[PDB]
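Engineer: To start, I am sharing the structure in question, which I have written as C-alpha cells.
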Amino acid sequence: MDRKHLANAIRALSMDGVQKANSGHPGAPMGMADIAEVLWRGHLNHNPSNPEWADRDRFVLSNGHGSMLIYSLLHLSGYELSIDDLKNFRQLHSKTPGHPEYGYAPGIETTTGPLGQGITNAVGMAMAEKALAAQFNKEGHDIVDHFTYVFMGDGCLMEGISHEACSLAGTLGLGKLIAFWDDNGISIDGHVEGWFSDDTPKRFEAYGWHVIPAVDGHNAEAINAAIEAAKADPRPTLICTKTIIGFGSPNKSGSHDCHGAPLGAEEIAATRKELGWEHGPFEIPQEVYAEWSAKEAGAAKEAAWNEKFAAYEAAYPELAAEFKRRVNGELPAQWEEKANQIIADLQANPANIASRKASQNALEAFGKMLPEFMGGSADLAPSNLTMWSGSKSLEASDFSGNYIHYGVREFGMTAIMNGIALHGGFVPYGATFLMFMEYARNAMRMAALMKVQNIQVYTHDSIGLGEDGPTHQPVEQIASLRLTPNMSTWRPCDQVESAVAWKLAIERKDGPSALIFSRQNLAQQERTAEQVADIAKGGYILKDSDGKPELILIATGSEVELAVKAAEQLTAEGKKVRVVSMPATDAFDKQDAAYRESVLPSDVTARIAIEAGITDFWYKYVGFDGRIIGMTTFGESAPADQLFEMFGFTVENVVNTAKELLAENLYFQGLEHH
Amino acid sequence: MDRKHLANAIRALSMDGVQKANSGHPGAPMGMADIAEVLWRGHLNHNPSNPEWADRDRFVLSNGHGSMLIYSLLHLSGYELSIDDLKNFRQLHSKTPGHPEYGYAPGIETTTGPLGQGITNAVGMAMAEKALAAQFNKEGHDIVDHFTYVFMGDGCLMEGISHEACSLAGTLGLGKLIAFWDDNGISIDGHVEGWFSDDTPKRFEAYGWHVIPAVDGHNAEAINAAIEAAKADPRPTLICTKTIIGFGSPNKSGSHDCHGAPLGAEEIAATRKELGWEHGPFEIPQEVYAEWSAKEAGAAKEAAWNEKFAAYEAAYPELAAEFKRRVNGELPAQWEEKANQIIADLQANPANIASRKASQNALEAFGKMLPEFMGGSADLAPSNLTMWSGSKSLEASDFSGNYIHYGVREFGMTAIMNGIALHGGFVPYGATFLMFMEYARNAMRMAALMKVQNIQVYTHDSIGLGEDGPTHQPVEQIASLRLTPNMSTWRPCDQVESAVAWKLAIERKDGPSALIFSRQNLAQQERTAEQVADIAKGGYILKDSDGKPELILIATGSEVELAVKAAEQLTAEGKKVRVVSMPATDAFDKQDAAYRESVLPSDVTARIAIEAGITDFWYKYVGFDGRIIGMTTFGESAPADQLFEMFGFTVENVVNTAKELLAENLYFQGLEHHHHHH
Ligand SMILES: Cc1ncc(C[n+]2csc(CCOP(=O)(O)OP(=O)(O)O)c2C)c(N)n1
Ligand SMILES: Cc1ncc(C[n+]2csc(CCOP(=O)(O)OP(=O)(O)O)c2C)c(N)n1
Ligand SMILES: [Mg+2]
Ligand SMILES: [Mg+2]
C-alpha cells in the first residue's frame, strides 16, 4: 500500500476523534502525520504487546496538545487502545484524556501538555539510556541500545526550559536523542513572526547539536534521510521539519483556526476529499491495519533482545541480576536491615549539625548500597552538599558515573529527572536552594501528577540562611509544596529525622519527595525506638507531659529545639506541655484517625504551631483556638540569629504566647470547645 | 589619574565590605571593576543628586550576588550611600543588603539575586524607553533618550529565562539595550566546561543580537570601543567581556573559592600589594573621589534635559502634561467617577458571561481612559481575551502601540513587566492560563517583594475549563498566590466583581495583582450600592439572613452561584443562611476588626467554604467547626459540568453538608447549653 494512505489514517482518526469530542486540537496531528508514519513504520523499535520492554525506543510528544496524534499511532500500530477509546477522547474516565497522560493509555511514555517539558523529559530518558549503557554494556553484549525521539512545536522552543534542556544535552553529547521540530510558522496568537524570529538552526548549533535544516515534513524521502543522518551523528540531532498545520484542510490549513477547535462537519468532508480518504468516522480498512501493525515486528525484536540478554546473563550473572533489579525498581537485598541500623546508629550518636550536612551523611551511608543513585545539583554542590565519596560526574565521553552537574538550570534539571525516573534503572535526586524550587515548580507538580519518584534536596530553608536576604529566604515555599496533591514534603528537625526522610524518599516511587534542609546547625533530640519508628508517620509525640497535656507545641525542622526549650521552661513553671514534631504533614494526614487523635487530641485546643514559614498554613492544625508563631512577611538581609530574634522565634516569645493562650482557657472557655 | 587606580577603588571597597561582614561575594566585583569604571565614568548618563531623573540611563546588576560592585559604584560616584553604609553590608536594616534591593538604597534600579531576572528586567526597561520614545518624541524634541546597561554572569545565561527575554528582545529590535556578559569560566560548582559549553556569541547571533566577542574585560580601550560599537548598532548588543574572577587576588583568582566567601585578611593584604592599592579598609583618597564624582556632570545633564522638556512643553503642551502624568504614576483626571460609573452600569445591566470576557470588557471600558496601558499575553490573546479595540501590537519598527505578543514565555513576560513597571510611564498587564503562572512564579514573588505593579490576567481558573485536563486545571495555584506576602489575589464571581478587581489592580501600584478569571459563564449577583462598594473590601455579605445567621457559606469566583442556590434551598427549609462573597482574602484580612466581625462573626461557627480549589487553605476562615467543599486531588479530563458534579460542586452536596454540619453543631451546643459558665 502507498505510504500516503497510511499517514492519512492518522489524519482521519485525529480529526474524527476531535470532532466527536467537539474539543481538542486537529492542527498538529494533521501537520505531522507524514513524519509520524515514516518514524513509526520505518524506524521505531517497539513491541505493542509489551509497552515496558526495557530496550524499546522512547517516543515523546512534547507538543502534547496534538494528543490525537499519539492516540492514533498507538491504536494503528496495535497497542491495547481501541477504536472505542478514541471514540471516548476527552470523556469522563477514558484512556484518552485531552492531553496524553502516563499510565492512562499503554505506550504513553510521559504526561505532556505544559510546553517545554516533553523535550526536557526526553533529554532525561536519553541520559538514562546512555548511563545504563555505560554502566552495563560489555564487549559483545550491548544490552542497552535504544533511541529517544521527540516531536516539538514552536511553543516548546519559545519556552526557557528548552534552552536549559538542550544546552545541557549538547554538553553531555546525547547522540541518540533525535528531536523533530514541527516548523509550521503558527502558534495560538497566529503567524509567529511578530514574537518568534530566532534562527532556530543556528541556536541549536550553538548548543553543539547536529541540526538538519529545511526538511520537507511532507516528503517521506526527505524525512527518512534526515532520520538516517540523525542516527549516524554522535551529537543530539534537531530535524527541522517544515509542515503545514492542519495539512489536508482546504480552508483552515496554515491557519490558527485549526490549532485548537474542531474543524466542523463541512470542513471535515472537504478534507477527506482533498486527501483521497474515502472512509467514514473511525473506519480503518483492514489493509491499513495490516500495514500499520507493529505486533509481529515488535514481538520479534523483543524476542531477539531477550536472547541478547540471556547471552549477557550467562556471561555476566552478577551484572544481569543488578540490571533486572534496577529496571524493576527493586531495593537492594539488605536495604531495610541496613538502612534501619544506620538510623539507629544516628540516634545512638547525637551530632548537632545542619540537616543539609545530615543529608550528605545519609547520601554517603545509603549511597554505598545504591548504585542506581543518579544525583546532582543545579550548580550548588558545595552548598547543598549533594556529593559523597562515591559521586562520579557524568561527561560526554564517560556516562558510567552517578552525578550530574546540572548548571544553573532548576527547571530543566527537575524535568530531566522526571524523564530519568520514567525511563527506569535509577533513583534520581536533585538539589537547589529551597527558594529556587519556584523556578522548577511545574516540573515538581508534573512528578506528583505522573506519580514518579523525583527526590529534591532543597537546602537553606528559612531565614536561618541569614545574610543573603529576602530574595533567598523561603517563607511560603514549604506551604505551597504541602498544598500540592501527591507531594511528600519533609522538614527534618535533626540528623535522625533527616536519615529517615531520605530512607522514605528512596522508597517513595509513586511520587516526588521534597526534602527540606537547614543551612544552620540543628540540635539532636532524644527518641525511644518507638519514637524513631514514628518519624515515618510524619507527626509524632516528641516530648510528653505526665497526664493529659494542657498545651501542645507543634513544630517542624529547625524550630523543634525552640519548642523543646520553651516546653522545658513552661514545665518548670507547672505546665503540662506536649511537643509534637511534624516533619511531614502529608504523611501525618494519612495516618488513621486513632493515631492522629493520639498525637493531637481534639479536646486539647491550646496548640501553638512554630515554624519559620508562612503562618496561615497552620490553621489546619491549630484552628481558631490555637496560635501560630511563624512568618507573615518577607525576610531581611542580616545574620540569622538577629533574624530569628526580630521575627519572634525566641523562647521568651513562645513562653509568653503560651501563657497568654492558657489564660484564654479560663472561665471554661476552652472546655466548652467541641 | 591612571584608569586602573579608579577601578581598583572598586576592588578595595568590595573586598573590604565583604570582609567586615564576613559574608558575601567579592569575586565578581573584582572581576568586573574595569568594565564598570569605563561604563560609569565614560558613558553612563545619570545624576547622583536625582536618582529619579526621567531620562537617566538604567544600569542593572543581573549577577546580583556581586552587590558590593553596585554599592561601590553608587558611593564612589556621589550617591547618598556613605562609607558607613558600606561598613554595614549585610547587616540588619542597612541600606546595603546582601543582594541589592530596589526602594531603599538610591540608584538601585531593581532587586536582583535570583539569576536571570535582572537581564529580563532590563529587557522590559529597554522596552519601556523605546515605547515611551515612540509615544512622545517629536521632531527636534526627543525628550526620551536613554540606554539600558546590564551586567550578567554565566548563571544568568544558563537560566531558561535568559532565552525568553533575549529572544524577544532580538525580535523587538531593542538596540539601546547593552548587556555585558562576565565571561570568567567559573560558577559555584567550579570550572563550567562540564555543564556550560554553548557557543554563546552564536546563540545570541541567532536571537538577532549584535555580538562583540572576546572583549578583554581588563582593557579599558577595548571595553570603550565595544560600548561605542554597541550604541551605534540598532540591534541589542551582547559584549562578551572575558574577565578573571577575583582579579587581583594571587591565590583565589580564577577559582570558585573567591565566588561567595570572604577572601581572608591575609589574602586581602596580598591582593592590595598585587593591585598596588596602598589604602586601609574603607579609605578612599580625595583625588579618587574627585575623579569618580558624577555630581557636576550629572547636574548639568539633567539641567539640559529640563530645558529640553520646557521646549517640548511649549511646543506640545498636551503631550507634555500626559508625559508628566504618566511618569509621575498618576491616574487620569476623572478616573474615579468614570470607573465607578462603568461599574455601576454593570451592576444595573446584568449579564451572565465568563469573567474572562468581563475582563476583556473592563480592558475596553477602562483602556479608553488609559493610554499608559501596556498589555500582553503569553501567546493566548484569543483565550485570555487580552486584546480590545484599542490594542495595537508593538513591532521592532513601530513601538507606538500598547500591546505585546510575548510568545510562549510566561517567566520572561512576567519579569519583563517588572522592568516595565520599574521604568515608569506605563500600567502593564500580562496574561496566561492560571496553571502557567507556575512557570512565572518567582517573578510574581519579586514583584511582591519589590512592591511594584504587575497585573496578571490568569484565565481558566478551575476544573471549569474542562477537557484539557489536569495538566491545565488549577487546584492549588490560587492558594499559593494567597500565601505570598504582598500578593493581591482576586477571584471575581461575576462581571461586576470583575470590573472592581480591574479598577483596584490598575490603582495598585505598590504590589502585583493576580486576577483570576473563569473560562465559563458566571451568573451575575444582585447588589445594593453599598454591597458594590464593599467588593473592594475583599469579603462582604452578599446574601444575609433574616436575623442572626446560623450558617455561613463563604464562596469565591465561579462557586458563588452554587452557594447562593444552596442557601436559597436551606432558607426554604427554614434555616438562617448568610452568603459571603470573598473575591480577595488578602483585602479582607486588611479590614478592621469591626468589619471582619460583621462579615464573619465569631459566634457563628457553622461555616462552609466553597471553592473549586485546594481545600486546606480554607481552615483559616472555617476553623475546626466548619466544613470545606473544595478539591483534594488533581483534576481529570472530562467536560466541565461532569467534573463539577463528580467533585461535589452541586447544590445537593452543599445542602447535605450544611444540614449535617448544623445537626452536629446543634448537638454539641445542646450538651453545653445548661452549663452555667459563659
Ligand atoms: C507552558 C505552557 N504555556 C502555555 C500553554 C498553552 N498552549 C498550548 S498550545 C500553545 C500554542 C503553541 O503552539 P505550537 O507549539 O507552535 O503548536 P501548534 O499550534 O503549531 O500545534 C499554547 C500557548 C501550554 N500548553 N503550556
Ligand atoms: C535562580 C537562581 N538559582 C541559583 C542561585 C544560586 N547562585 C547564586 S550565584 C550562583 C553562581 C552563578 O555563577 P555566575 O553567575 O557565573 O557568577 P560568578 O561566580 O562568576 O560571579 C548561583 C548558583 C541563584 N542566585 N538564583
Ligand atoms: Mg507551531
Ligand atoms: Mg561565572
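Labeling convention for the C-alpha cells: chains A, B, ... as they appear, residues from 1 per chain, ligands from 1 in order of appearance.
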Can you list, as a PDB file with N, CA, C and O atoms, in the first residue's frame, every protein, DNA or RNA residue that comes within 12 Å of residue 434 in chain B when you count only C-alpha atoms, leaving out same-chain residues fewer than 6 positions away?

Structural biologist:
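Full text of out02.pdb as output:
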ATOM      1  N   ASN A 442       6.575  23.820  38.253  1.00  0.00           N
ATOM      2  CA  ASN A 442       5.644  22.974  37.499  1.00  0.00           C
ATOM      3  C   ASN A 442       6.225  21.590  37.207  1.00  0.00           C
ATOM      4  O   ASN A 442       5.473  20.615  37.134  1.00  0.00           O
TER       5      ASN A 442
ATOM      6  N   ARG B 356     -13.569  35.967  32.227  1.00  0.00           N
ATOM      7  CA  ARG B 356     -12.546  36.344  31.255  1.00  0.00           C
ATOM      8  C   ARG B 356     -13.105  37.261  30.182  1.00  0.00           C
ATOM      9  O   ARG B 356     -12.387  38.138  29.682  1.00  0.00           O
ATOM     10  N   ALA B 378       0.884  35.739  26.923  1.00  0.00           N
ATOM     11  CA  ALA B 378       1.921  34.784  26.529  1.00  0.00           C
ATOM     12  C   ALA B 378       1.337  33.802  25.517  1.00  0.00           C
ATOM     13  O   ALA B 378       1.124  32.616  25.787  1.00  0.00           O
ATOM     14  N   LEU B 380      -1.672  33.789  24.199  1.00  0.00           N
ATOM     15  CA  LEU B 380      -3.032  33.323  24.467  1.00  0.00           C
ATOM     16  C   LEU B 380      -4.047  34.445  24.335  1.00  0.00           C
ATOM     17  O   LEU B 380      -5.100  34.411  24.990  1.00  0.00           O
ATOM     18  N   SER B 383      -7.634  33.339  24.017  1.00  0.00           N
ATOM     19  CA  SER B 383      -8.208  32.630  25.158  1.00  0.00           C
ATOM     20  C   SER B 383      -8.242  33.479  26.412  1.00  0.00           C
ATOM     21  O   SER B 383      -9.212  33.410  27.167  1.00  0.00           O
ATOM     22  N   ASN B 384      -7.181  34.253  26.665  1.00  0.00           N
ATOM     23  CA  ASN B 384      -7.177  35.161  27.800  1.00  0.00           C
ATOM     24  C   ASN B 384      -8.060  36.374  27.565  1.00  0.00           C
ATOM     25  O   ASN B 384      -8.482  36.998  28.541  1.00  0.00           O
ATOM     26  N   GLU B 410       6.094  32.716  29.722  1.00  0.00           N
ATOM     27  CA  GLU B 410       5.434  33.213  30.930  1.00  0.00           C
ATOM     28  C   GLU B 410       6.426  33.873  31.895  1.00  0.00           C
ATOM     29  O   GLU B 410       6.200  34.996  32.362  1.00  0.00           O
ATOM     30  N   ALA B 440       6.063  31.211  35.948  1.00  0.00           N
ATOM     31  CA  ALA B 440       6.476  32.593  36.164  1.00  0.00           C
ATOM     32  C   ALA B 440       6.517  32.937  37.644  1.00  0.00           C
ATOM     33  O   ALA B 440       6.638  34.111  37.999  1.00  0.00           O
ATOM     34  N   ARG B 441       6.447  31.921  38.499  1.00  0.00           N
ATOM     35  CA  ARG B 441       6.090  32.094  39.899  1.00  0.00           C
ATOM     36  C   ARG B 441       7.032  33.073  40.597  1.00  0.00           C
ATOM     37  O   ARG B 441       6.592  33.992  41.303  1.00  0.00           O
ATOM     38  N   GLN B 456      -1.654  40.534  36.349  1.00  0.00           N
ATOM     39  CA  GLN B 456      -1.692  39.298  35.577  1.00  0.00           C
ATOM     40  C   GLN B 456      -3.130  38.857  35.386  1.00  0.00           C
ATOM     41  O   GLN B 456      -3.883  38.717  36.358  1.00  0.00           O
ATOM     42  N   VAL B 457      -3.503  38.646  34.129  1.00  0.00           N
ATOM     43  CA  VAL B 457      -4.796  38.082  33.772  1.00  0.00           C
ATOM     44  C   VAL B 457      -4.605  36.566  33.702  1.00  0.00           C
ATOM     45  O   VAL B 457      -4.067  36.040  32.727  1.00  0.00           O
ATOM     46  N   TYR B 458      -5.030  35.861  34.744  1.00  0.00           N
ATOM     47  CA  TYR B 458      -4.935  34.404  34.789  1.00  0.00           C
ATOM     48  C   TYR B 458      -6.330  33.841  34.524  1.00  0.00           C
ATOM     49  O   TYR B 458      -7.235  33.990  35.358  1.00  0.00           O
ATOM     50  N   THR B 459      -6.512  33.220  33.364  1.00  0.00           N
ATOM     51  CA  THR B 459      -7.806  32.681  32.973  1.00  0.00           C
ATOM     52  C   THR B 459      -7.791  31.168  33.102  1.00  0.00           C
ATOM     53  O   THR B 459      -6.739  30.541  33.294  1.00  0.00           O
ATOM     54  N   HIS B 460      -8.988  30.583  33.019  1.00  0.00           N
ATOM     55  CA  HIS B 460      -9.156  29.129  33.033  1.00  0.00           C
ATOM     56  C   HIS B 460      -8.704  28.565  34.382  1.00  0.00           C
ATOM     57  O   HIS B 460      -7.752  27.798  34.500  1.00  0.00           O
ATOM     58  N   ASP B 461      -9.477  28.957  35.394  1.00  0.00           N
ATOM     59  CA  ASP B 461      -9.054  29.003  36.782  1.00  0.00           C
ATOM     60  C   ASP B 461      -9.404  27.752  37.581  1.00  0.00           C
ATOM     61  O   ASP B 461      -9.016  27.659  38.748  1.00  0.00           O
ATOM     62  N   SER B 462     -10.125  26.796  37.012  1.00  0.00           N
ATOM     63  CA  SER B 462     -10.517  25.623  37.788  1.00  0.00           C
ATOM     64  C   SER B 462     -10.783  24.468  36.835  1.00  0.00           C
ATOM     65  O   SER B 462     -10.579  24.584  35.622  1.00  0.00           O
ATOM     66  N   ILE B 463     -11.255  23.348  37.392  1.00  0.00           N
ATOM     67  CA  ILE B 463     -11.773  22.256  36.588  1.00  0.00           C
ATOM     68  C   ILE B 463     -12.879  22.713  35.637  1.00  0.00           C
ATOM     69  O   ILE B 463     -13.251  21.959  34.740  1.00  0.00           O
ATOM     70  N   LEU B 465     -12.504  24.611  33.257  1.00  0.00           N
ATOM     71  CA  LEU B 465     -12.011  24.646  31.884  1.00  0.00           C
ATOM     72  C   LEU B 465     -12.280  23.349  31.135  1.00  0.00           C
ATOM     73  O   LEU B 465     -12.274  23.361  29.900  1.00  0.00           O
ATOM     74  N   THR B 471      -3.242  18.612  33.623  1.00  0.00           N
ATOM     75  CA  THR B 471      -2.058  19.433  33.410  1.00  0.00           C
ATOM     76  C   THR B 471      -2.412  20.903  33.279  1.00  0.00           C
ATOM     77  O   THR B 471      -1.548  21.755  33.504  1.00  0.00           O
ATOM     78  N   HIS B 472      -3.661  21.216  32.935  1.00  0.00           N
ATOM     79  CA  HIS B 472      -4.128  22.583  32.782  1.00  0.00           C
ATOM     80  C   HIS B 472      -5.009  23.073  33.926  1.00  0.00           C
ATOM     81  O   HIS B 472      -5.033  24.275  34.186  1.00  0.00           O
ATOM     82  N   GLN B 473      -5.725  22.175  34.614  1.00  0.00           N
ATOM     83  CA  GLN B 473      -6.775  22.518  35.575  1.00  0.00           C
ATOM     84  C   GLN B 473      -6.191  22.942  36.912  1.00  0.00           C
ATOM     85  O   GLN B 473      -5.628  22.103  37.632  1.00  0.00           O
ATOM     86  N   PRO B 474      -6.277  24.223  37.273  1.00  0.00           N
ATOM     87  CA  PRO B 474      -5.662  24.666  38.532  1.00  0.00           C
ATOM     88  C   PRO B 474      -6.375  24.051  39.723  1.00  0.00           C
ATOM     89  O   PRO B 474      -7.589  23.847  39.700  1.00  0.00           O
ATOM     90  N   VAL B 475      -5.608  23.734  40.762  1.00  0.00           N
ATOM     91  CA  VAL B 475      -6.195  23.252  42.007  1.00  0.00           C
ATOM     92  C   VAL B 475      -5.627  24.055  43.163  1.00  0.00           C
ATOM     93  O   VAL B 475      -6.373  24.697  43.916  1.00  0.00           O
ATOM     94  N   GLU B 476      -4.308  24.032  43.298  1.00  0.00           N
ATOM     95  CA  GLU B 476      -3.622  24.628  44.432  1.00  0.00           C
ATOM     96  C   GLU B 476      -3.006  25.994  44.115  1.00  0.00           C
ATOM     97  O   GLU B 476      -2.364  26.584  44.989  1.00  0.00           O
ATOM     98  N   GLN B 477      -3.201  26.519  42.898  1.00  0.00           N
ATOM     99  CA  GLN B 477      -2.471  27.716  42.476  1.00  0.00           C
ATOM    100  C   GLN B 477      -3.015  28.976  43.138  1.00  0.00           C
ATOM    101  O   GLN B 477      -2.243  29.851  43.531  1.00  0.00           O
ATOM    102  N   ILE B 478      -4.337  29.097  43.281  1.00  0.00           N
ATOM    103  CA  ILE B 478      -4.881  30.293  43.931  1.00  0.00           C
ATOM    104  C   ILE B 478      -4.358  30.400  45.362  1.00  0.00           C
ATOM    105  O   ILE B 478      -3.972  31.483  45.828  1.00  0.00           O
ATOM    106  N   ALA B 479      -4.315  29.271  46.069  1.00  0.00           N
ATOM    107  CA  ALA B 479      -3.877  29.265  47.454  1.00  0.00           C
ATOM    108  C   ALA B 479      -2.398  29.605  47.573  1.00  0.00           C
ATOM    109  O   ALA B 479      -1.981  30.240  48.550  1.00  0.00           O
ATOM    110  N   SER B 480      -1.604  29.242  46.569  1.00  0.00           N
ATOM    111  CA  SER B 480      -0.195  29.613  46.579  1.00  0.00           C
ATOM    112  C   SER B 480      -0.020  31.113  46.410  1.00  0.00           C
ATOM    113  O   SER B 480       0.857  31.717  47.042  1.00  0.00           O
ATOM    114  N   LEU B 481      -0.830  31.726  45.545  1.00  0.00           N
ATOM    115  CA  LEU B 481      -0.814  33.177  45.441  1.00  0.00           C
ATOM    116  C   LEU B 481      -1.278  33.824  46.746  1.00  0.00           C
ATOM    117  O   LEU B 481      -0.696  34.824  47.197  1.00  0.00           O
ATOM    118  N   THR B 489      -4.749  38.796  45.340  1.00  0.00           N
ATOM    119  CA  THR B 489      -5.320  37.752  44.502  1.00  0.00           C
ATOM    120  C   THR B 489      -6.828  37.930  44.493  1.00  0.00           C
ATOM    121  O   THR B 489      -7.460  37.889  45.551  1.00  0.00           O
ATOM    122  N   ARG B 491     -10.567  36.761  42.787  1.00  0.00           N
ATOM    123  CA  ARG B 491     -11.311  35.728  42.066  1.00  0.00           C
ATOM    124  C   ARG B 491     -12.760  36.193  41.916  1.00  0.00           C
ATOM    125  O   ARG B 491     -13.655  35.717  42.633  1.00  0.00           O
ATOM    126  N   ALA B 514      -2.957  39.514  40.939  1.00  0.00           N
ATOM    127  CA  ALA B 514      -3.300  38.278  40.246  1.00  0.00           C
ATOM    128  C   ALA B 514      -4.819  38.237  40.103  1.00  0.00           C
ATOM    129  O   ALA B 514      -5.532  38.087  41.102  1.00  0.00           O
ATOM    130  N   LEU B 515      -5.311  38.400  38.869  1.00  0.00           N
ATOM    131  CA  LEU B 515      -6.740  38.462  38.578  1.00  0.00           C
ATOM    132  C   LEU B 515      -7.181  37.131  37.971  1.00  0.00           C
ATOM    133  O   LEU B 515      -6.780  36.782  36.856  1.00  0.00           O
ATOM    134  N   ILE B 516      -8.033  36.411  38.692  1.00  0.00           N
ATOM    135  CA  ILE B 516      -8.342  35.010  38.420  1.00  0.00           C
ATOM    136  C   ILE B 516      -9.706  34.963  37.734  1.00  0.00           C
ATOM    137  O   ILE B 516     -10.728  35.289  38.352  1.00  0.00           O
ATOM    138  N   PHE B 517      -9.724  34.558  36.460  1.00  0.00           N
ATOM    139  CA  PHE B 517     -10.904  34.641  35.610  1.00  0.00           C
ATOM    140  C   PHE B 517     -11.320  33.255  35.118  1.00  0.00           C
ATOM    141  O   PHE B 517     -10.492  32.356  34.930  1.00  0.00           O
ATOM    142  N   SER B 518     -12.617  33.088  34.921  1.00  0.00           N
ATOM    143  CA  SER B 518     -13.173  31.788  34.563  1.00  0.00           C
ATOM    144  C   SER B 518     -13.199  31.609  33.049  1.00  0.00           C
ATOM    145  O   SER B 518     -13.253  32.577  32.286  1.00  0.00           O
ATOM    146  N   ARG B 519     -13.161  30.349  32.619  1.00  0.00           N
ATOM    147  CA  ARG B 519     -13.459  30.060  31.222  1.00  0.00           C
ATOM    148  C   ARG B 519     -14.951  30.175  30.948  1.00  0.00           C
ATOM    149  O   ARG B 519     -15.356  30.656  29.883  1.00  0.00           O
TER     150      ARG B 519
END

Engineer: Write out as CSV the residues of chain B that have any atom within 12 Å of an atom of ligand 3, one row each with the nearest atom pair and its distance in Å to one decimal, counting only C-alpha atoms and all ligand atoms, sorted by chain and then rising number.

Structural biologist:
residue,atom,partner,partner_atom_place_in_ligand_line,distance
B:379,CA,ligand 3,1 (Mg),11.0
B:407,CA,ligand 3,1 (Mg),11.1
B:408,CA,ligand 3,1 (Mg),10.7

Engineer: Taking N, CA and C atoms for each residue, export the selection above as a PDB file, in the first residue's frame.

Structural biologist:
ATOM      1  N   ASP B 379       1.080  34.340  24.317  1.00  0.00           N
ATOM      2  CA  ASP B 379       0.559  33.572  23.186  1.00  0.00           C
ATOM      3  C   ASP B 379      -0.857  33.056  23.441  1.00  0.00           C
ATOM      4  N   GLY B 407       4.730  35.749  23.105  1.00  0.00           N
ATOM      5  CA  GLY B 407       5.121  34.389  22.765  1.00  0.00           C
ATOM      6  C   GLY B 407       4.908  33.471  23.958  1.00  0.00           C
ATOM      7  N   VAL B 408       5.339  32.219  23.803  1.00  0.00           N
ATOM      8  CA  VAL B 408       5.117  31.273  24.899  1.00  0.00           C
ATOM      9  C   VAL B 408       6.250  31.409  25.912  1.00  0.00           C
TER      10      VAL B 408
END

Engineer: Taking the DSSP assignment computed from this structure's backbone, write out as JSON, numbers by chain all residues of range 199-238 of chain A that belong to strand (DSSP E).

Structural biologist: {"A": [210, 211, 212, 213, 214, 215, 216, 237, 238]}

Engineer: Next, dump the selected residues to file, keeping only C-alpha atoms, as a PDB file, in the first residue's frame.

Structural biologist:
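Below you can see out.pdb, which holds the result:
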ATOM      1  CA  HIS A 210      23.557  18.217  14.864  1.00  0.00           C
ATOM      2  CA  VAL A 211      20.895  20.223  13.010  1.00  0.00           C
ATOM      3  CA  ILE A 212      19.238  19.170   9.758  1.00  0.00           C
ATOM      4  CA  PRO A 213      17.573  22.333   8.434  1.00  0.00           C
ATOM      5  CA  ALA A 214      14.819  22.795   5.889  1.00  0.00           C
ATOM      6  CA  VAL A 215      13.396  19.259   5.844  1.00  0.00           C
ATOM      7  CA  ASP A 216      10.135  18.959   3.872  1.00  0.00           C
ATOM      8  CA  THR A 237      20.008  15.862  16.325  1.00  0.00           C
ATOM      9  CA  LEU A 238      17.451  18.583  15.623  1.00  0.00           C
TER      10      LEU A 238
END

Engineer: Which residues, written as a ChimeraX atom specification, have at least one atom at most 7 Å from range 535-539 of chain B, with only C-alpha atoms counted and residues fewer than 3 positions away on the same chain left out?

Structural biologist: /B:497,500,531-532,580-588,591

Engineer: Quick one: distance from CA of residue 308 in chain B to CA of residue 51 in chain B in Å, one decimal?

Structural biologist: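 Taking CA of residue 308 in chain B and CA of residue 51 in chain B, their separation equals 18.6 Å.
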
Engineer: Looking only at helix (DSSP H, G or I) from DSSP on the backbone, list the matching residues of range 376-508 of chain B as a ChimeraX atom specification.

Structural biologist: /B:381-385,410-423,434-450,463-465,477-482,495-507

Engineer: Kindly compile the residues surrounding ligand 4 within 7 Å, counting only C-alpha atoms and all ligand atoms, and format them as a ChimeraX atom specification.

Structural biologist: /B:153-155,182-187

Engineer: Keeping only N, CA and C atoms, write those residues as a PDB file, in the first residue's frame.

Structural biologist:
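Final output, saved to again-v3.pdb:
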ATOM      1  N   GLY B 153      26.216  37.266  34.445  1.00  0.00           N
ATOM      2  CA  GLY B 153      27.194  36.209  34.516  1.00  0.00           C
ATOM      3  C   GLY B 153      26.729  34.955  33.809  1.00  0.00           C
ATOM      4  N   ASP B 154      27.528  33.891  33.970  1.00  0.00           N
ATOM      5  CA  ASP B 154      27.181  32.615  33.356  1.00  0.00           C
ATOM      6  C   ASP B 154      25.878  32.063  33.923  1.00  0.00           C
ATOM      7  N   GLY B 155      25.613  32.292  35.210  1.00  0.00           N
ATOM      8  CA  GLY B 155      24.382  31.785  35.790  1.00  0.00           C
ATOM      9  C   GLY B 155      23.150  32.331  35.096  1.00  0.00           C
ATOM     10  N   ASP B 182      29.787  38.619  31.859  1.00  0.00           N
ATOM     11  CA  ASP B 182      31.011  38.386  32.630  1.00  0.00           C
ATOM     12  C   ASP B 182      31.519  36.976  32.343  1.00  0.00           C
ATOM     13  N   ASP B 183      32.330  36.858  31.304  1.00  0.00           N
ATOM     14  CA  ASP B 183      32.754  35.552  30.805  1.00  0.00           C
ATOM     15  C   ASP B 183      34.043  35.180  31.529  1.00  0.00           C
ATOM     16  N   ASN B 184      33.900  34.560  32.703  1.00  0.00           N
ATOM     17  CA  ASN B 184      35.053  34.238  33.534  1.00  0.00           C
ATOM     18  C   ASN B 184      35.256  32.739  33.720  1.00  0.00           C
ATOM     19  N   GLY B 185      34.471  31.902  33.038  1.00  0.00           N
ATOM     20  CA  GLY B 185      34.690  30.466  33.034  1.00  0.00           C
ATOM     21  C   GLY B 185      34.412  29.757  34.336  1.00  0.00           C
ATOM     22  N   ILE B 186      33.806  30.426  35.310  1.00  0.00           N
ATOM     23  CA  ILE B 186      33.629  29.885  36.653  1.00  0.00           C
ATOM     24  C   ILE B 186      32.170  30.035  37.068  1.00  0.00           C
ATOM     25  N   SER B 187      31.626  29.009  37.734  1.00  0.00           N
ATOM     26  CA  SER B 187      30.408  29.130  38.535  1.00  0.00           C
ATOM     27  C   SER B 187      30.659  28.407  39.855  1.00  0.00           C
TER      28      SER B 187
END

Engineer: Enumerate residues in contact with ligand 2: an atom-to-atom distance of at most 6 Å, counting only C-alpha atoms and all ligand atoms. Format the result as an NGL selection string.

Structural biologist: (:A and (379-380 or 408 or 436)) or (:B and (27-28 or 63 or 65 or 113-115 or 153-156 or 184 or 186-188 or 259))
